[PDB]
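Okay, here's what each chain looks like letter by letter:
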Amino acid sequence: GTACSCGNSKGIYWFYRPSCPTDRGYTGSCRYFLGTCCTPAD
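Residues numbered from 1 in each chain as written, not as in the entry; some residues may be left out. Heavy atoms only, no water.

As stated in the entry header, the method of structure determination is solution NMR.

What follows is the structure in structure tokens.
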């Protein structure tokens, strides 16, 4: 998986995908170099 971390939140970042499915319990959303970083705590 495309791992991404925001402080303490750990999740997955999507490549150029402006559509982050928040139904996966995503807590935060950060800008990762290659796309949208959707971070819950995985």
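## Re the overall build of the chain
If you tally the helices and strands in the chain, you get 0 helices and 4 strands. Seen in sequence order, the chain has helices and strands lined up from the N terminus as β-β-β-β. In terms of its C-alpha atoms, the chain occupies a principal-axis envelope of roughly 20 × 20 × 15 Å. Looking at the chain as a whole, 24% of its 42 residues are labelled buried. Pairs at least 24 residues apart make up 35% of the contacts formed inside the chain by residues separated by at least 6 positions. Here the chain has roughly 3100 Å² of accessible surface; of this, 52% comes from carbon and sulfur atoms. (Helix = DSSP H or I, 4+ residues; strand = E, 2+ residues; numbered from the N terminus. Buried < 20%, exposed > 50% of the residue type's maximum accessible area, 1.4 Å probe, protein only. Contact = heavy atoms within 4.5 Å. Areas by Shrake-Rupley, 256 points an atom, 1.4 Å probe, with all protein chains shown as cover.)

## Quick word on the sheet that holds strand 2 (residues 9-15)
Backbone hydrogen bonds hold the strands of a sheet together, and the pairing may be parallel or antiparallel. Taken in spatial order, the 4 strands make up an open sheet running 1-2-4-3, and their pairing is antiparallel. In the strand order of this sheet, the two ends are held by strand 1 (3-6) and strand 3 (28-32), each with one partner. Across the sheet, the mean angle from the axis of one strand to that of its neighbour is 35°, orientation sign disregarded. Bridge analysis of strand 3 against strand 4 (residues 35-39) gives 5 bridges, and the strand direction is antiparallel. Note that in strand 4 the partner of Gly28 across the bridge is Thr39. (Pairing = 2+ DSSP bridges. Axes fitted to C-alpha atoms, helices over the stretch in contact; angles between N-to-C directions.)

## Overview of the UniProt feature "disulfide bond" in the chain
The UniProt disulfide joining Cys4 and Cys37 is present here, with an S-S separation of 2.0 Å. Linking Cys4 in strand 1 with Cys37 in strand 4, this pair joins segments that are 33 residues apart in sequence. An identical accessibility class is assigned to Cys4 and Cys37; each is buried. Annotation check: the disulfide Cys6-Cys30 recorded in UniProt is satisfied, the sulfur-sulfur distance being 2.0 Å, below 2.5 Å. With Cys6 in strand 1 and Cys30 in strand 3, this residue pair connects regions lying 24 residues apart in the sequence. For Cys6, a relative accessible area of 19% puts it in the buried group. (Disulfide = S-S within 2.5 Å. UniProt positions renumbered as here; feature names shortened; annotations may be inferred.)

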